[PDB]
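1. Just the first chains of my complex for now:
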Amino acid sequence: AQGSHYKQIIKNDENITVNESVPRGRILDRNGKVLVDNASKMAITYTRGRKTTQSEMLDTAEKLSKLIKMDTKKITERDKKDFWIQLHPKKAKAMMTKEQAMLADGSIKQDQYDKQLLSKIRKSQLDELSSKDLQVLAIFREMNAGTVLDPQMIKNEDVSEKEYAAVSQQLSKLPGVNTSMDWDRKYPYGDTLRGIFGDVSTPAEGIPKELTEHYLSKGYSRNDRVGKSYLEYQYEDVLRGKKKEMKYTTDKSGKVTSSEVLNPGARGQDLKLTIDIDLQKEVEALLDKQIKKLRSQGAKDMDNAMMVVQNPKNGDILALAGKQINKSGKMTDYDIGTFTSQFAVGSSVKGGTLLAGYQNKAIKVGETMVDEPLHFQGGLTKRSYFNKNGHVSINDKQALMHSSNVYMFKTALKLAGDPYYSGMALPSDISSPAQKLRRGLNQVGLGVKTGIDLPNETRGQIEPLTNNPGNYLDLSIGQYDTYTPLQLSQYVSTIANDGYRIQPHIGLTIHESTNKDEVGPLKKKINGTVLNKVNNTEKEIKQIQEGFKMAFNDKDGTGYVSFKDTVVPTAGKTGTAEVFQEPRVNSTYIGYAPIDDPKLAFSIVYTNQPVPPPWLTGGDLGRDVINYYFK
């Protein structure tokens, strides 16, 4: 049942052509819950003239009230205090007897008279909780809330076809008031995923200005409403309603002699997402719990927290996040930062390095070498769980259990053809190893786009790596190149997939149009495409995941405190990263579950925690979310 809003009427000669918008297709979750739908809405606006008074507007506002209801609480204290002085000038004067007298002294200007008039107001605020009053104030404030020639929205609410028929003319009679029918996205899960859904351009907006070339080259008219961010933008091609076009031929007189249909119109196609709306809501809830499930232990300048959850075998996405500006602890939605923002993630990249170190014949599978502080001409890398002494024979799994920097430092040196000896100079051209290393990490999704079906993905900050070898070893340890939370997810995921990097997607399937049927027959499956397989043997592969188990299933394994065991076995790796806000830390967690046939994977990023890490426990987020899913 495709709807009909007149969008564009052009007169040529005796021809008049008419275009009607039709509803876009819906966005639904992996189970069919409507996430984005459509609503027919009337929009009533005021357009305040050059010389239009306050008595002018309060009057229109009054007639406007006996005609539509408003929601109160946009009203401020000042709105009410001003409205009161506006409504009760006789009553208000009496409180300012001295000041009205000293207004004509010249003792005071109005600008300080008006401020004491506001100071003496209280029980008279209730003198207009006469809800009839607040209604008028509701409308009136918007009529004063804006630019002169610009029209101003007063109400955009659901309207029927007959409703608009009865009231539009009698709204339009009032000076400044216009009405229009509009298509508007409606969002049952309110604020959930809204960033990811993106918006469609307003009727005021054409095609958005900076997007002209973009939409004009694909055939649009500048008047067309289009998707302009994220999901509405990304799947504009399928979500869009192909508009109705009619060409009328006319008499001289105006009489339509003939009519032809250029396009009857097509209600947009419905898009299903990989997202389980419930899981989504739960994760946002757990993330808000966990963020101060520290009561700010110290973390009151943690400024971002990120979570991505995914099916590591088909790249389905079930995942969101949000930031924390704790000049408060008052959070916003940083939904998209999961694949649009770049963070130093530190030690959680260590599995990729070993893989890099395997395929270049730099270390071998099971390699057992020893570790201890390192010494160069100045430069002094101690790993940080023994910096001074205590020299331990350690293999590649164990190095991941402990998250031992010096093992990764030693492999890095071996990858440079320059194995460690105390007092060696740092190899001065590290171009070649750095390249071998990066291509290693690139294979599991680190430093390359994941390919996700959404706009604005970043691959991370990638600075020259030629003759600062310290940055080279930083890289082997996650303290040079910045990565993305989605990249981290793609990376564990390929480990759990026995080496298959898969292109993540929040797109699930594409169906055909209906106004009713919350199915709609299938048109397109959106597949999690295999991108490549790691250049490594199963044994090389298995070793990283054996290591990953015993960082979560073993004891000094740096993920026991959060993952020790829970309702299903979980393998992973973690990360603490030095950065400068003033000095602070980044905390990172990646994992997957269950070990024997994985079905979930996730990445976690907390930014700018104050913490040295024998105190902080963020991947309890990981533990809690994984419990919910599997039970």
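-> Looks like it arrived, so ask away. Numbering: from 1, shown residues only, chains lettered A, B, ... in the order given.

2. Pretty sure residue A:462 sits against residue A:447.
-> Yes: the pair residue A:462 / residue A:447 is scored as a contact, 6.2 Å apart, by C-beta atoms under 8 Å. Yep, even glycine has a C-beta here, placed from its N, CA and C like the rest.

3. Looking at these two, which one has more neighbours?
-> Between residue A:462 and residue A:447, counting by other C-beta atoms under 10 Å, residue A:447 is the more crowded of the two (24 against 14).

4. what touches both of residue A:462 and residue A:447?
-> Overlap between the contact sets of residue A:462 and residue A:447, as judged by C-beta atoms under 8 Å, 6 or more residues apart in numbering, is given by A:438, A:481.

5. Name the residues of stretch A:501-512 that come out as buried.
-> Residues of stretch A:501-512 classed as buried: A:501-511 (neighbour count, 16 or more other C-beta atoms under 10 Å).

6. Which parts of stretch A:375-392 count as buried, going by neighbours?
-> Result for stretch A:375-392 [16+ other C-beta under 10 Å]: buried residues A:381, A:383, A:386.

7. Closest one of those residues to residue A:64?
-> Nearest to residue A:64, judged by C-beta to C-beta, of the buried residues of stretch A:375-392 is residue A:383 at 70.9 Å.

8. how about the closest one, what does it touch?
-> A:371, A:373, A:404-406, A:409.

9. Could you spell out which stretches of chain A belong to which domain?
-> A:1-42+A:183-273, A:43-182, A:274-631 (curated CATH domains).

10. which one of the ones you listed is the most hemmed in?
-> With neighbours taken as mean count of other C-beta atoms under 10 Å, these reach their highest mean count in domain A:274-631, at a mean of 20.

11. what about it, start to end distance?
-> By C-alpha to C-alpha, to the nearest Å, the extent of domain A:274-631 from end to end equals 20 Å.

12. any idea how far residue A:264 is from the closest residue to residue A:459 other than its chain neighbours?
-> With sequence-adjacent residues excluded and distances taken as C-beta to C-beta, 6 or more residues apart in numbering, residue A:459 is closest to residue A:449, at 4.9 Å. To residue A:264, residue A:449 is 40 Å away according to C-beta to C-beta, to the nearest Å.

13. What is the longest strand seen in chain A packed up against?
-> For chain A, the strand that runs over the most residues, judged by DSSP state E, is strand A:34-47. If you count contacts as 3 or more C-beta pairs under 8 Å, 6 or more residues apart in numbering; DSSP states H and E, strand A:34-47 packs onto strand A:27-28, helix A:54-65, strand A:151-158, helix A:161-172, strand A:177-186.

14. repeat that for 7 Å
-> strand A:27-28, strand A:151-158, strand A:177-186 (3 or more C-beta pairs under 7 Å, 6 or more residues apart in numbering; DSSP states H and E).

15. would you turn those into CSV with distance to residue A:442?
-> As requested, those are arranged in CSV below (distance: least, C-beta to C-beta, whole Å):
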stretch, distance to residue A:442
strand A:27-28, 32
strand A:151-158, 48
strand A:177-186, 38
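
16. To residue A:422, which of the ones you listed lies closest?
-> strand A:27-28 (60.4 Å).

17. So which elements touch that closest one?
-> strand A:34-47, strand A:271-273.

18. now the residue nearest to residue A:95 when sequence neighbours are not counted: how far from residue A:92?
-> Of all residues not flanking residue A:95 in the chain, residue A:120 sits nearest, at 5.0 Å (C-beta to C-beta, 6+ apart). Applying C-beta to C-beta, the value for residue A:120 to residue A:92 is 9 Å.

19. now swap in residue A:314 and tell me
-> In terms of C-beta to C-beta, residue A:314 sits 68 Å off from residue A:92.

20. Likewise for residue A:444?
-> Residue A:444 is 71 Å from residue A:92, by C-beta to C-beta.

21. Chain B comes next; put it on the structure above:
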Amino acid sequence: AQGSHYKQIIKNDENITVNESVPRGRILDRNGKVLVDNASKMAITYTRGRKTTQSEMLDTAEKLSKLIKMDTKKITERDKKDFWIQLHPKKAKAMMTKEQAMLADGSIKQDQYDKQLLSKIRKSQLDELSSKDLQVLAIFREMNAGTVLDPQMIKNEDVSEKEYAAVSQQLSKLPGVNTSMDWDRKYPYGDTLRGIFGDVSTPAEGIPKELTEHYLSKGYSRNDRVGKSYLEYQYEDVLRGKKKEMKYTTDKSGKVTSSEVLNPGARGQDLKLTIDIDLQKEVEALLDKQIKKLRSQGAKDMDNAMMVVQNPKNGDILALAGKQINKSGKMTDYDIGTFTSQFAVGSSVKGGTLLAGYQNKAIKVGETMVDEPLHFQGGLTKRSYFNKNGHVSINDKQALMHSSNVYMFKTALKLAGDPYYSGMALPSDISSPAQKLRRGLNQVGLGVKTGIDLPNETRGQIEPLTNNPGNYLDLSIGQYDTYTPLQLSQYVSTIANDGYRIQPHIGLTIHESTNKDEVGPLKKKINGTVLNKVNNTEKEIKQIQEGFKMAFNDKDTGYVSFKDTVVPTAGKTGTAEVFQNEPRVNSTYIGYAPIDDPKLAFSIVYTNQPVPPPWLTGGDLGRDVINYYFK
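-> Below, chain B sits with the chains from the block before:
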């Protein structure tokens, strides 16, 4: 120039198919100078293992040295120490007499022994290596990255089509050596744009692992050489040539009874770039001296310096950046930084912010309200650049002249609805004004991608703006949202072009696959597509131009370097602010040449100057290039 080289030989029951490989298209500057050519090359390769006593492996390397000459660039210090030890067990054991005993005493083990030896060998004795030794070694090191049964590369040697035969001998007569003929790229301007040009994959690697599906989805076999970095990857469709494909019918005895040719092959299409290389080579030269010209004044870890030069009509005429360490000398090529990297940029954003003012009628075309060291709440928190000088009267065009970083601050509030009053509250929701401002910036390129024809362009780090209006004011003054040098360039250039944002492109023209070396018939022209106009009006853009015109032709920043020289240049300056270690500062520069009929636009970015006060003539590099271009 011309030819085919054997790539693939396939049997199926007396029917052999032979695929020969062809040269790629050339890359040229705007006037037709050859940047990237092809050369026909001999790939000498070592593949031995299992009988590796390594002493014979050196013997092969010794043998090989009598046949080939080697560039010695790649020899590391370690290479030399290991080799020196092997060459003089005599000399080394004479330095290890204390440690000799300890090994036999039992107190020390062989690994420690070898480790101590390595520290005792200094560079003075490394000089005892002969030029011929350093030739054997150069070969040797390549053959000791050697996995037992896996071929490593020794030399790529420009040998003719008809002397390959004479020398092809060295095949299982020196053991591991395999020889083969491959098409390789040639660079007659050395390293001068190498990153931008990019790389094509080795005949060994075929399609690189990370790129597998990307190229397999295009019908490539996995054995195909492909474009893997930058321009090589970007214009792969045009640059690659069509293979020569032969088909023969043998009988049982191998005798060719028929043959057919399916494709004779042809060199790939020639790519003409918009770059002028003399112009390109000058900027690098100029850019070089200009960072030395801050070696003096303290730029200790200024670690980045970038320049982008262009105009509307065709192209990126120029693009160089480098990066530095520790002023330790070391520059390393970072041209790709101009569009891939994200830098806090400062006041140069003001031109666009002043237009976001016009669009939302927060300002008028000429507007005069004045500057105060202005404060709000907390008990201290306030504003800009001098604390007392309550300065007056400024035009907006006067505001960019001074770079009045307070007129902007006022403008923001006046766009967020509530102009300044001394002692005012913060707005607590700044979503809407942040959005309009950001919109405004995207219009002139700031905050979206430019649309350049290279991979990995970043649009800058863009964090949530809702409820920290501390950050929202920074955005007015280029201190919340990082852009790229290219983004600045498209932006300044949008002003030069009277409000018309153009999509930069480095490709000028694609030419038909020609077999014989003159650049062939025009196949495609790569255009500077107008993405959009600002919905800022005729007179409103002209002010921003005048504003620009008057901080270059008097006001006091921009005079200190653009003190009218060769040039009616108009432009704008930016000083930023970075606490990423310790309070450094970013220094940025935009501007455009001959103001009447503008022919050149430029953008500059210096990162991490330790030096705040507005004294450094870093924008001289800017003034310099215009002298060249306008002769």
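
22. Re-run the earlier check on what packs on strand A:27-28 with chain B in the model.
-> strand A:34-47, strand A:271-273 (3 or more C-beta pairs under 7 Å, 6 or more residues apart in numbering or on different chains; DSSP states H and E).

23. any idea how far stretch A:285-297 is from the chain center?
-> 19 Å (C-alpha atoms, centre = their mean, to the nearest Å).

24. Say whether chain B is contacted by that stretch.
-> No: Stretch A:285-297 stays clear of chain B (C-beta under 7 Å from any C-beta of the partner chain), getting no nearer than 15.0 Å.

25. show me the contacts for residue A:84.
-> Residue A:84 makes contact with A:121, A:124-125, A:128, according to C-beta atoms under 7 Å, 6 or more residues apart in numbering or on different chains.

26. Kindly recompute the last result at 10 Å.
-> Residue A:84 makes contacts with A:91-92, A:117-118, A:121, A:124-125, A:127-128, A:133, A:137, as judged by C-beta atoms under 10 Å, 6 or more residues apart in numbering or on different chains.

27. Residue A:231 now?
-> Residue A:231 neighbours (C-beta under 10 Å, 6+ apart): A:27, A:35-36, A:193, A:195-199, A:239, A:271, A:273, A:453-455, A:506-507.

28. So which of those belong to helices?
-> Residues of these located in helices (DSSP state H): A:195-197, A:239.

29. Of those, which ones also sit close to chain B?
-> Counting by C-beta under 10 Å from any C-beta of the partner chain, residue A:195 from those sit close to chain B.

30. Intersect the contacts of residue A:84 with the contacts of chain B.
-> Applying C-beta under 10 Å from any C-beta to the contacts of residue A:84, none is adjacent to chain B.

31. from those, which two are the most distant?
-> Using C-beta to C-beta, the pair of the contacts of residue A:84 lying farthest apart is A:117 and A:133, separated by 18.9 Å.

32. ok, now which ones touch the residue nearest to residue A:110 when sequence neighbours are not counted?
-> For residue A:110, ignoring the flanking residues on the chain, the nearest one in space by C-beta to C-beta, 6 or more residues apart in numbering or on different chains is residue A:103 at 7.2 Å. Residues near residue A:103 by C-beta under 10 Å, 6+ apart: A:96, A:109-110, A:112-113.

33. Output those residues as TSV; include the columns secondary structure.
-> Putting the contacts of residue A:103 into TSV (DSSP: H, G, I helix; E, B strand; the rest coil) gives the following:
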residue	secondary structure
A:96	helix
A:109	coil
A:110	helix
A:112	helix
A:113	helix
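
34. Turn these into JSON lines, including distance to residue B:257.
-> Shown next, in JSON lines, are the contacts of residue A:103 (distance: C-beta to C-beta, whole Å):
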{"residue": "A:96", "distance to residue B:257": "115"}
{"residue": "A:109", "distance to residue B:257": "109"}
{"residue": "A:110", "distance to residue B:257": "108"}
{"residue": "A:112", "distance to residue B:257": "109"}
{"residue": "A:113", "distance to residue B:257": "111"}
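
35. any idea which of those is closest to chain B?
-> residue A:112 (12.0 Å; C-beta to the nearest C-beta).

36. Is that closest one in contact with residue A:99, as I believe?
-> Yes: Residue A:112 is within contact range of residue A:99, at 8.6 Å (criterion: C-beta atoms under 10 Å).

37. Next, give me the two most distant ones among the contacts of residue A:103.
-> Pairwise across those, and taking C-beta to C-beta, the largest span is found between A:96 and A:109, at 13.9 Å.

38. Now do residue A:197 against chain B, distance only.
-> Look at residue A:197 and chain B: by C-beta to the nearest C-beta, to the nearest Å, they are 16 Å apart.

39. Whether the longest strand of chain A contacts chain B - can you check?
-> No: using C-beta under 10 Å from any C-beta, strand A:34-47 stays clear of chain B, coming no nearer than 13.6 Å.

40. That strand pairs with which strands, parallel or anti?
-> Strand A:34-47 has the following sheet partners, assigned by DSSP bridges: strand A:27-28 (antiparallel), strand A:151-158 (antiparallel), strand A:177-186 (antiparallel).
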